[PDB]
Amino acid sequence: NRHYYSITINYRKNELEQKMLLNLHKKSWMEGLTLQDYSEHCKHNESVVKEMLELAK
Amino acid sequence: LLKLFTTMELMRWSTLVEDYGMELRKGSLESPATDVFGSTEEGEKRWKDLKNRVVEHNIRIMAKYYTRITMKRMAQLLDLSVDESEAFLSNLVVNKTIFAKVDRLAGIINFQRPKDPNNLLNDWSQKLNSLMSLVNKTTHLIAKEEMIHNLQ
């Protein structure tokens with residue numbers, strides 16, 4: 001620290017970055033039409049999840 | 001060859017009787033037909049097992065379609081006895097006919113309608129139908145939405 005110090009750091013975010021990046025990340029965790037991969041798991045509950053339910057038991 | 005290629009329509013072999021007869025008669029091409037019939041029994045095995053081979057192959061083609069051809073009526077259209085059709089079933093038991101359904105009362109056979117487990121079969125069909133409608137509905141919707149932009 002002698003002859004060598006530091007400074008604080010803060011951030012800033014406007015509404016365009018907040019909604020564009022927020023909706024962009026939510027969409028990055030969502031689907032295209034948002035209805036595609038729902039029935040995939042709804043019907044995988046009868047085929048694949050049954051093994052996870054038996055192992056869970 | 002085109003009739004034996006695929007999608008064999010159920011036709012009468014009497015039209016092929018004169019075709020094979022003239023195939024033995026004409027000498028311009030495929031002349032050694034009498035050499036095919038050289039032996040007294042080999043040609044008979046090739047002919048009986050030939051008509052048998054196509055009368056089994058057409059069954060293997062129509063077996064893909066689930067149209068329920070009602071082989072009881074098919075035996076009437078083919079003008080043959082049901083006993084050699086039971087022998088044809090004796091050729092199907094070695095031709096892997098294990099995926100079929102028979103009836104004690106009637107004579108109609110079923111090449112489909114299994115126990116149908118809903119977790120595998122209806123699961124698969126509902127997956128391909130629903131998902132295919134979802135992504136196929138997804139493509140031309142926004143694709144046409146881009147096609148209408150050029151009108152401005």
# chains A, B, ... in the order shown; residues from 1 in each chain; ligands from 1
$ residues_around --residues "stretch 102-110 of chain B" --least-positions-apart "2" --cutoff "6 Å" --atoms "only C-alpha atoms" --output "PyMOL selection string"
chain B and resi 70+100+112
$ write_last_selection --atoms "N, CA, C and O atoms" --output "JSON list (two decimals), in the first residue's frame"
[["chain", "number", "residue", "atom", "x", "y", "z"],
["B", 70, "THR", "N", -58.31, -56.35, -45.04],
["B", 70, "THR", "CA", -59.30, -57.40, -44.79],
["B", 70, "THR", "C", -59.01, -58.63, -45.65],
["B", 70, "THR", "O", -59.72, -58.95, -46.61],
["B", 100, "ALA", "N", -48.59, -58.57, -34.99],
["B", 100, "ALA", "CA", -49.87, -58.73, -35.68],
["B", 100, "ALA", "C", -50.94, -59.08, -34.65],
["B", 100, "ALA", "O", -50.65, -59.34, -33.49],
["B", 112, "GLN", "N", -51.74, -53.76, -36.69],
["B", 112, "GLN", "CA", -51.54, -52.59, -35.85],
["B", 112, "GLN", "C", -52.49, -52.71, -34.66],
["B", 112, "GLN", "O", -52.97, -53.81, -34.35]]
$ closest_atom_pairs --of "stretch 6-48 of chain A" --to "stretch 128-140 of chain B" --cutoff "9 Å" --atoms "only C-alpha atoms" --output "Markdown table"
| residue | atom | partner | partner_atom | distance |
| --- | --- | --- | --- | --- |
| A:32 | CA | B:138 | CA | 8.7 |
| A:33 | CA | B:138 | CA | 7.2 |
| A:35 | CA | B:134 | CA | 7.5 |
| A:36 | CA | B:134 | CA | 6.2 |
| A:37 | CA | B:131 | CA | 8.4 |
| A:39 | CA | B:131 | CA | 7.9 |
| A:40 | CA | B:131 | CA | 8.0 |
$ closest_residue --among "A:50, A:57, A:12, A:43" --to "chain B" --atoms "only C-alpha atoms"
A:43
$ select_by_dssp --residues "chain B" --states "helix (DSSP H, G or I)" --output "PyMOL selection string"
chain B and resi 14-25+33-36+42-62+71-77+82-92+121-151
$ residues_around --residues "residue B:52" --least-positions-apart "2" --cutoff "12 Å" --atoms "only C-alpha atoms" --output "PDB file with N, CA and C atoms, in the first residue's frame"
ATOM      1  N   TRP B  13     -51.805 -61.862 -61.747  1.00  0.00           N
ATOM      2  CA  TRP B  13     -50.650 -62.429 -62.430  1.00  0.00           C
ATOM      3  C   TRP B  13     -50.996 -63.018 -63.792  1.00  0.00           C
ATOM      4  N   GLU B  44     -39.494 -75.282 -61.874  1.00  0.00           N
ATOM      5  CA  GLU B  44     -40.749 -75.288 -61.129  1.00  0.00           C
ATOM      6  C   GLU B  44     -40.577 -74.681 -59.743  1.00  0.00           C
ATOM      7  N   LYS B  45     -39.417 -74.889 -59.114  1.00  0.00           N
ATOM      8  CA  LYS B  45     -39.156 -74.250 -57.829  1.00  0.00           C
ATOM      9  C   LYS B  45     -38.949 -72.750 -57.994  1.00  0.00           C
ATOM     10  N   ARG B  46     -38.307 -72.335 -59.089  1.00  0.00           N
ATOM     11  CA  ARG B  46     -38.128 -70.910 -59.347  1.00  0.00           C
ATOM     12  C   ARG B  46     -39.452 -70.227 -59.668  1.00  0.00           C
ATOM     13  N   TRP B  47     -40.377 -70.942 -60.311  1.00  0.00           N
ATOM     14  CA  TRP B  47     -41.659 -70.349 -60.677  1.00  0.00           C
ATOM     15  C   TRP B  47     -42.615 -70.317 -59.489  1.00  0.00           C
ATOM     16  N   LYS B  48     -42.763 -71.449 -58.795  1.00  0.00           N
ATOM     17  CA  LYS B  48     -43.641 -71.490 -57.629  1.00  0.00           C
ATOM     18  C   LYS B  48     -43.108 -70.608 -56.508  1.00  0.00           C
ATOM     19  N   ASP B  49     -41.796 -70.646 -56.270  1.00  0.00           N
ATOM     20  CA  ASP B  49     -41.195 -69.762 -55.278  1.00  0.00           C
ATOM     21  C   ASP B  49     -41.090 -68.327 -55.780  1.00  0.00           C
ATOM     22  N   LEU B  50     -41.218 -68.108 -57.089  1.00  0.00           N
ATOM     23  CA  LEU B  50     -41.261 -66.749 -57.616  1.00  0.00           C
ATOM     24  C   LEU B  50     -42.619 -66.108 -57.356  1.00  0.00           C
ATOM     25  N   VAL B  54     -43.376 -63.048 -54.728  1.00  0.00           N
ATOM     26  CA  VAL B  54     -44.053 -61.776 -54.956  1.00  0.00           C
ATOM     27  C   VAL B  54     -45.365 -61.708 -54.178  1.00  0.00           C
ATOM     28  N   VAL B  55     -46.045 -62.845 -53.989  1.00  0.00           N
ATOM     29  CA  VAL B  55     -47.275 -62.857 -53.195  1.00  0.00           C
ATOM     30  C   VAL B  55     -46.992 -62.740 -51.707  1.00  0.00           C
ATOM     31  N   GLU B  56     -45.731 -62.870 -51.296  1.00  0.00           N
ATOM     32  CA  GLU B  56     -45.322 -62.510 -49.945  1.00  0.00           C
ATOM     33  C   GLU B  56     -44.768 -61.092 -49.888  1.00  0.00           C
ATOM     34  N   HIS B  57     -44.069 -60.670 -50.946  1.00  0.00           N
ATOM     35  CA  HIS B  57     -43.487 -59.333 -50.970  1.00  0.00           C
ATOM     36  C   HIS B  57     -44.566 -58.259 -50.988  1.00  0.00           C
ATOM     37  N   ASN B  58     -45.637 -58.470 -51.759  1.00  0.00           N
ATOM     38  CA  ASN B  58     -46.733 -57.504 -51.750  1.00  0.00           C
ATOM     39  C   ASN B  58     -47.411 -57.447 -50.386  1.00  0.00           C
ATOM     40  N   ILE B  59     -47.442 -58.569 -49.663  1.00  0.00           N
ATOM     41  CA  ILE B  59     -47.944 -58.555 -48.293  1.00  0.00           C
ATOM     42  C   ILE B  59     -47.012 -57.751 -47.397  1.00  0.00           C
ATOM     43  N   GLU B  84     -53.797 -72.310 -48.506  1.00  0.00           N
ATOM     44  CA  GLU B  84     -52.469 -71.842 -48.880  1.00  0.00           C
ATOM     45  C   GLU B  84     -52.200 -70.423 -48.400  1.00  0.00           C
ATOM     46  N   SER B  85     -53.236 -69.686 -47.993  1.00  0.00           N
ATOM     47  CA  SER B  85     -53.021 -68.436 -47.277  1.00  0.00           C
ATOM     48  C   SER B  85     -52.602 -68.691 -45.836  1.00  0.00           C
ATOM     49  N   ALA B  87     -50.850 -71.344 -45.154  1.00  0.00           N
ATOM     50  CA  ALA B  87     -49.456 -71.682 -45.419  1.00  0.00           C
ATOM     51  C   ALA B  87     -48.616 -70.429 -45.628  1.00  0.00           C
ATOM     52  N   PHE B  88     -49.195 -69.396 -46.249  1.00  0.00           N
ATOM     53  CA  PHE B  88     -48.504 -68.115 -46.340  1.00  0.00           C
ATOM     54  C   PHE B  88     -48.256 -67.529 -44.958  1.00  0.00           C
ATOM     55  N   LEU B  89     -49.196 -67.716 -44.030  1.00  0.00           N
ATOM     56  CA  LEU B  89     -48.948 -67.329 -42.646  1.00  0.00           C
ATOM     57  C   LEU B  89     -47.861 -68.193 -42.021  1.00  0.00           C
ATOM     58  N   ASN B  91     -45.354 -69.042 -43.687  1.00  0.00           N
ATOM     59  CA  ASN B  91     -44.173 -68.331 -44.159  1.00  0.00           C
ATOM     60  C   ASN B  91     -43.972 -67.003 -43.440  1.00  0.00           C
ATOM     61  N   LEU B  92     -45.034 -66.432 -42.871  1.00  0.00           N
ATOM     62  CA  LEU B  92     -44.897 -65.183 -42.131  1.00  0.00           C
ATOM     63  C   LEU B  92     -44.378 -65.407 -40.718  1.00  0.00           C
TER      64      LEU B  92
END
$ closest_residue --among "B:119, B:126, B:67, B:152" --to "residue A:46" --atoms "only C-alpha atoms"
B:119
$ closest_residue --among "B:98, B:120, B:142, B:147" --to "chain A" --atoms "only C-alpha atoms"
B:120
$ closest_residue --among "A:54, A:18, A:5, A:41" --to "chain B" --atoms "only C-alpha atoms"
A:41
$ atom_distance --atom1 "atom CA of residue B:9" --atom2 "atom CA of residue B:61"
9.4 Å
